[PDB]
Amino acid sequence: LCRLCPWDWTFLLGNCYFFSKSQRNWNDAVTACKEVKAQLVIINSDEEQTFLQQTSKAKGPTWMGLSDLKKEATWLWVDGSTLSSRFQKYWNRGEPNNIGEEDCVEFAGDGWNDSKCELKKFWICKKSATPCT
Amino acid sequence: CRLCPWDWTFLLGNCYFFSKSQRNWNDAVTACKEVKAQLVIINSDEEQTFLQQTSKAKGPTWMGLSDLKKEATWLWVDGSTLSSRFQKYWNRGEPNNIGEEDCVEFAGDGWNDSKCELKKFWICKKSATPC
Ligand SMILES: CC(=O)N[C@H]1[C@H]([C@H](O)[C@H](O)CO)O[C@@](O)(C(=O)O)C[C@@H]1O
Ligand SMILES: CC(=O)N[C@H]1[C@H]([C@H](O)[C@H](O)CO)O[C@@](O)(C(=O)O)C[C@@H]1O
Ligand SMILES: [Ca+2]
Ligand SMILES: [Ca+2]
Ligand SMILES: [Cl-]
């Protein structure tokens, strides 16, 4: 009867998140989320970052939909929006480093790293949920 | 790496299943027992927060709390006593209708007590398996 998210996706605050069980490079992951009409995960709330951060820690490193592939040092979400000042706090100390060599962002432990996009990692999709009358 | 069974949500070392249908309280207990889980027991505030918002999207939802053993004492389905640190979650004006509304539900932003005969959504919880 009342189903908020696709089967095996988790509901959180009006959206549905899918946690990959396997690992892929950054671009593939984008493609993988695209294939289910979703986006490699974009963060725009702290409750979200807290929920996503904890899941990832139990699995391991996990890609999010953030990168500076358009322009070194500028960090864009796949929807084109710029990284907000309110989120810089999520960088781990010593991150981001290796600018121009590590162009994609991952959850790592308790914060974000930038990394070689070529590496395979777990990933996460996000799309909007569907209500119940 | 699979933390929880298919269509179950991982949270802080446990697994959660959200029903798509509604059942009276005792049935819901049964349903949980069918999959080696319990009608949900809260023991953390991050947990209470997650469930609360999830229920909101669906509708009133049962948890594994009741005073069926003894009017006015609220025990979890596992027999454990309700903690002082969690009393804050009763909505204002809850618990009421004591001795007539014997089971606890998520309702809005806190907990109500309700007639156990009512059909409501439910949530099961059981421990996860790591990677
Ligand atoms: C492999 C190595 O020797 N040092 C690595 C350090 C260490 O990880 C940190 O000093 C502590 O973890 O930082 C990187 O991983 C990073 O995030 O870009 C790359 C770098 O090559
Ligand atoms: C006259 C009277 O006793 N009324 C009832 C009230 C009201 O239900 C609440 O005040 C909410 O309006 O309180 C009880 O729930 C309670 O706490 O035991 C039962 C009680 O029988
Ligand atoms: Ca880095
Ligand atoms: Ca009531
Ligand atoms: Cl399974």
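All chain A residue numbers match Swiss-Prot; in order, they span 191-323.
Yeah, the Cβs are placed from backbone N, Cα and C, and that goes for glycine too.
Annotated Ca(2+) binding site per Swiss-Prot: A:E285, A:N287, A:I289, A:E292, A:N303, A:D304, in sequence order, evidence recorded as similarity to another entry. Neighbour list (A:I289 (Ca(2+) binding site), Cβ cut-off 8 Å, at least 6 residues apart, same chain): A:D258, A:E262, A:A263, A:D304.
Feature annotation from Swiss-Prot assigns disulfide bond to A:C195-A:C206 (among others); the stated evidence is sequence analysis. Around the Cβ of A:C195 (disulfide bond), a 10 Å sphere holds 21 further Cβ atoms from the protein chains shown.
Within its own chain, A:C315 (disulfide bond) has A:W199, A:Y207, A:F208, A:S210, A:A222, A:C223, A:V226, A:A228, A:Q229, A:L230, A:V231 as residues 6 or more apart in sequence whose C-beta sits under 8 angstroms from its own. Look at Swiss-Prot and you will find A:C223-A:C315 (among others) tagged as disulfide bond.
Counting only same-chain residues six or more apart in sequence, the Cβ atoms lying under 8 angstroms from the Cβ of A:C294 (disulfide bond) belong to A:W216, A:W253, A:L256, A:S257, A:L259, A:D304, A:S305, A:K306, A:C307. What Swiss-Prot records for A:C294-A:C307 (among others) is disulfide bond, and it gives sequence analysis as the kind of evidence.
Annotation comment: Swiss-Prot describes A:201-316 as domain 'C-type lectin'.
What Swiss-Prot lists as N-linked glycosylation site is A:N303. Using a 10 Å Cβ-Cβ cutoff, A:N303 (Ca(2+) binding site) registers 19 neighbours.
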Distance-selected recorded positions near ligand 1 (C-beta under 6 Å), from A:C195, A:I289, A:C294, A:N303: A:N303
A:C206, A:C223, A:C307 as disulfide-bonded residues, winner by CB count within 10 A: A:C223
A:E285, A:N287, A:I289, A:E292, A:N303, A:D304 excluded, remaining Cβ within 8 Å of their centroid (Ca(2+)): A:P286, A:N288, A:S305
Number of Cβ atoms other than its own within 10 Å, given for A:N287 (Ca(2+) binding site): 11
